[PDB]
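# Descriptive analysis of the structure
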Amino acid sequence: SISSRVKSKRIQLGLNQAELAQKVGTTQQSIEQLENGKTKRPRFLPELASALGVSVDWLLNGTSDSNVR
């Protein structure tokens, strides 16, 4: 799912939702809202994309290979 990508990448980055929120320049609450999927388009698209170091296109689509499941 969407949040799985963000969160999984967060885990791989070894960072948490609050750190990500600060790196994005928002509040953990906003991140958690995005994670549970209670928004349609995040204002912080570029900020999230940069925070993880992926493309907005991948934030929207979110496809980088598939090795089982």
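The residue numbers you see begin from 1 on each chain and track the sequence as written, which may not match the entry, and residues missing coordinates are not shown. The side-chain quantities take in all heavy atoms of the structure and omit both hydrogens and water.

By the method listed in its record, solution NMR, this PDB entry was determined.

Going by the PDB entry, the protein carries the name 434 REPRESSOR and comes from Phage 434. Here the PDB entry's recorded title is "DETERMINATION OF THE NUCLEAR MAGNETIC RESONANCE SOLUTION STRUCTURE OF THE DNA-BINDING DOMAIN (RESIDUES 1 TO 69) OF THE 434 REPRESSOR AND COMPARISON WITH THE X-RAY CRYSTAL STRUCTURE". UniProt positions are given in the numbering used here, feature names are shortened, and annotations may be inferred rather than shown by experiment. For the protein, the Function comment in UniProt is given as "Binds to two sets of three contiguous operator sites in the phage genome." Annotation of the protein in UniProt includes, under Subunit, the sentence "Homodimer, when bound to an operator."

## Let's talk about the nonpolar core
Among the buried residues, those of types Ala, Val, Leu, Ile, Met, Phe, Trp, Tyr and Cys that are joined through side-chain atoms within 4.5 Å form a nonpolar core. The buried label applies to any residue whose accessible area, calculated with a 1.4 Å probe on protein chains only, is under 20% of its type's maximum; exposed applies above 50%, and partly exposed to all values in between. Counting residues in hydrophobic clusters, the biggest one holds 13 residues, and the most contacted among them are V6, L20, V24, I31, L48, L52 and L59. For the purposes of this entry, the term helix denotes a DSSP run of H or I that reaches at least four residues, the term strand denotes a run of E that reaches at least two, and both are numbered from the N terminus. Those elements giving two or more residues to this core turn out to be α2 (17-24), α3 (28-36) and α4 (45-52). The leading source of residues in this core is α4, at five residues. Only heavy atoms matter for contacts: two residues are in contact if any of them lie within 4.5 Å across the pair. Discounting residues that sit within four places of it in the chain, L52 has contacts with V6, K9, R10, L13 and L20.

## A few points about the UniProt feature "domain: HTH cro/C1-type" in the protein
Within this numbering scheme, the UniProt entry marks residues 6-59 as carrying the feature "domain: HTH cro/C1-type". Annotation note: span residues 6-59, helix share 69%, strand share 0%, distance between end C-alpha atoms 8 Å.

## What about α3?
Those residues of α3 lying buried are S30, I31, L34 and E35. Angular distribution of buried residues about the axis of α3 spans 140°; they occupy a single face of the element. Facing away from the buried side of α3 by over 90 degrees, the exposed positions are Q29 and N36. Of the surrounding elements, those touching the buried residues of α3 are α1 (2-13), α2 and α4. With its phi angle positive at about 75°, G37 sits one or two positions after the end of α3. Taking the helix axis as origin, the arc is that swept by the directions to the C-beta atoms.

## What to know about the side chain of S3
Structurally, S3 can be placed in helix α1. Among the residues examined, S3 registers a relative accessible area of 15% and is labelled buried.

## Section: the pattern of salt bridges
Salt bridge, as used here: a side-chain nitrogen of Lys or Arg that lies within 4 Å of a carboxyl oxygen of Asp or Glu. Enumeration according to the criterion identifies one salt bridge in this entry. Ionic pairing is found between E35 and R10, a salt bridge with its closest N-O pair at 2.6 Å. Within this pair, whereas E35 is found in helix α3, its partner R10 is found in helix α1, the two being separated by 25 residues in sequence.

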